[PDB]
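J.: opening piece of the complex, as it sits:
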Amino acid sequence: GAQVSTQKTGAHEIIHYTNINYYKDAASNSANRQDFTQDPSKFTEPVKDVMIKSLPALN
């Protein structure tokens, strides 16, 4: 019941670490700071009709 996952490193320069959970409550686990998904559309493009950057904004 041991998880093996990669660790943060450079771009092009054994980059593995092991984790085990000792407690029966999920709140005791360590921070899951390895997620890097993001989507700015909800705040940058809240319009109904899709607008193309190349075409004029209006007409």
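T.: Looks like it came in fine. Numbering: from 1, shown residues only, chains lettered A, B, ... in the order given.
J.: count the neighbours of the residue found closest to residue A:23 once you drop the neighbours it is linked to in the chain for me.
T.: The shortest distance from residue A:23 to any non-neighbouring residue, by CB to CB, 6 or more residues apart in numbering, is to residue A:29 (7.8 Å). C-beta: built from backbone N, CA, C; applies to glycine. As a burial measure, residue A:29 scores 11 neighbours (other CB atoms under 10 Å).
J.: ok, now residue A:21?
T.: 13.
J.: mind listing what it touches?
T.: Contacts for residue A:21 (CB atoms under 8 Å, 6 or more residues apart in numbering) come out as A:1, A:28, A:29.
J.: could you do residue A:38 as well?
T.: Residue A:38 neighbours (CB under 8 Å, 6+ apart): none.
J.: distance check, it against residue A:54.
T.: For residue A:38, the distance to residue A:54 equals 25 Å [CB to CB, to the nearest Å].
J.: next: residue A:24.
T.: 56 Å.
J.: what do you get for residue A:22?
T.: Counting by CB to CB, the gap from residue A:22 to residue A:54 is 56 Å.
J.: next one: residue A:48
T.: For residue A:48 relative to residue A:54 (CB to CB), the value is 20 Å.
J.: same deal with residue A:41?
T.: On the measure of CB to CB, residue A:41 and residue A:54 end up 18 Å apart.
J.: before we move on, back to that, for the contacts of residue A:21, which one is nearest residue A:18?
T.: Of all the contacts of residue A:21, residue A:18 sits closest to residue A:1, with 11.0 Å by CB to CB.
J.: what's the burial count for the spatially closest residue to the closest one that is not a sequence neighbour?
T.: Counting by CB to CB, 6+ apart, residue A:20 is the residue found nearest to residue A:1 once chain neighbours are left out, at 6.7 Å. Using other CB under 10 Å, residue A:20 has 7 neighbouring residues.
J.: append chain B to the structure above:
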Amino acid sequence: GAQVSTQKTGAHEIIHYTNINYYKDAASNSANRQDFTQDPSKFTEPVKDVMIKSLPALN
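T.: Let me add chain B to what's already shown:
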């Protein structure tokens, strides 16, 4: 001789932990607070003849 079992978490939001026993006496083990079976019939329906909720209680 390691047990792997799930840990308490949310409803719809690696949820595993490992346990090993180090002592030869079962009294030294940790609390087994992961059991959630229950049956209120012994105290709520102690009658001999089964009664249906829909039908009248008497006659």
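J.: once more on the contacts of residue A:21, with chain B this time?
T.: A:1, A:28, A:29, B:7, B:14, B:16, B:17, B:18 (CB atoms under 8 Å, 6 or more residues apart in numbering or on different chains).
J.: surely residue A:8 is within a strand?
T.: No: under DSSP: H, G, I helix; E, B strand; the rest coil, residue A:8 falls outside any strand and is assigned coil.
J.: now the phi/psi pair for it, please.
T.: Main-chain dihedrals, residue A:8, degrees, to the nearest 10: phi -60, psi 140.
J.: how about the residues of chain A near chain B?
T.: A:1, A:2, A:3, A:20, A:21, A:22, A:23, A:24, A:25, A:26 (CB under 8 Å from any CB of the partner chain).
J.: counting neighbours, which of the residues you listed comes out on top?
T.: residue A:21 (21 neighbours; other CB atoms under 10 Å in any protein chain shown).
J.: what about it, distance to residue A:53?
T.: Taken as CB to CB, the span from residue A:21 to residue A:53 is 47 Å.
J.: so who does the residue most central in space within chain A touch?
T.: The centroid of chain A falls nearest to residue A:36 when counting by CA atoms, centre = their mean (2.0 Å). Contacts of residue A:36 were listed using CB under 8 Å, 6+ apart, and none were found.
J.: doesn't it lie inside a helix?
T.: No: under three-state DSSP, residue A:36 falls outside any helix and is assigned coil.
J.: quick revisit: can you say which of the contacts of residue A:21 are buried?
T.: A:29, B:7, B:17 (16 or more other CB atoms under 10 Å in any protein chain shown).
J.: which one of the residues you listed is nearest residue B:58?
T.: residue B:7 (49.8 Å).
J.: I'd guessed that closest one sits against residue B:19; true?
T.: No: when contacts are counted by CB atoms under 8 Å, residue B:7 is not listed as touching residue B:19 (10.8 Å).
J.: rewinding a little: in a markdown table: the buried ones among the contacts of residue A:21, plus distance to residue A:58.
T.: Converted to a markdown table, the buried ones among the contacts of residue A:21 look like this (distance: CB to CB, whole Å):
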| residue | distance to residue A:58 |
| --- | --- |
| A:29 | 51 |
| B:7 | 55 |
| B:17 | 58 |
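J.: next one is chain C, place it on the structure:
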Amino acid sequence: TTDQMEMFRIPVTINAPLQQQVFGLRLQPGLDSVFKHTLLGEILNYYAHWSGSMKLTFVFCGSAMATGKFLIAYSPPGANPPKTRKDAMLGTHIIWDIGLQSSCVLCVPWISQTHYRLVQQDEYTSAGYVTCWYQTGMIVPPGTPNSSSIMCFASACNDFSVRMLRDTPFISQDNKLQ
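T.: If we add chain C to the chains shown above, we get the following:
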């Protein structure tokens, strides 16, 4: 109440002014004095949060020849409790008819904005009121007592639950027992 046992009986009379109130109470199972020391309130007082529906069962303990009808209504939280039967009947209610079956139940549904409510209830987590009114009145034949009594039973449904174990405030000591 000079006699403690009198606390368990709700008085009733024969010639009641039409549409009179029988009783009224706040729905605070863990804080109101009515439910404080009941078998349910005692359990809730060991916790901080609670949720689910409740059952109120009323039993008529009058004569066998007596008859009557009663209206029992539950009013969700609001700015004012009901003052008359017309106000009360707008909320959830049931018409109780006294006959061979001597008891009727009134399931108080779980209507709340939050998944849980505080045992130490406040204005934010208020729960409402429960009241009972005369529907038709009590009628008795000659040679019977002019008064009767009713009793109420409280229990939790199968969807009830509690949370956050805490220490009860009903018991305390000043010195070590010997």
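J.: again for the neighbour count of residue A:29, since chain C is there now?
T.: Count around residue A:29 with other CB under 10 Å applied: 16.
J.: from residue B:14, how far out is it?
T.: Taken as CB to CB, the span from residue A:29 to residue B:14 is 9 Å.
J.: neighbours of residue A:9, how many?
T.: Neighbours of residue A:9 (other CB under 10 Å): 7.
J.: quick one: it and residue A:17 touch, right?
T.: No: counting by CB under 8 Å, residue A:9 stays clear of residue A:17, with 11.3 Å between them.
J.: what touches both of the two?
T.: Between them, residue A:9 and residue A:17 share no contacting residue, judged by CB under 8 Å, 6+ apart.
J.: quick revisit: so how far is residue C:168 from the residue nearest to the centre of chain A?
T.: Relative to residue C:168, and taking CB to CB, residue A:36 is found at 48 Å.
J.: now residue C:81
T.: 29 Å.
J.: quick one, which of the two is more surrounded?
T.: Neighbours were counted for residue C:81 and for residue C:168 using other CB under 10 Å; residue C:81 has more, 15 against 12.
J.: what residues are up against that one?
T.: Applying CB under 8 Å, 6+ apart, the residues near residue C:81 are C:24, C:75, C:129, C:131.
J.: at 6 Å what do you get?
T.: Shown in contact with residue C:81 (CB atoms under 6 Å, 6 or more residues apart in numbering or on different chains): residue C:129.
J.: can you list the residues of chain C near chain B?
T.: By CB under 6 Å from any CB of the partner chain, no part of chain C sits against chain B.
J.: give me phi/psi at residue A:26?
T.: For residue A:26, the backbone dihedrals (degrees, to the nearest 10) come out as phi -60, psi -20.
J.: you'd agree it is up against residue B:6?
T.: No: assessed by CB atoms under 6 Å, residue A:26 is found out of contact with residue B:6, at 9.2 Å.
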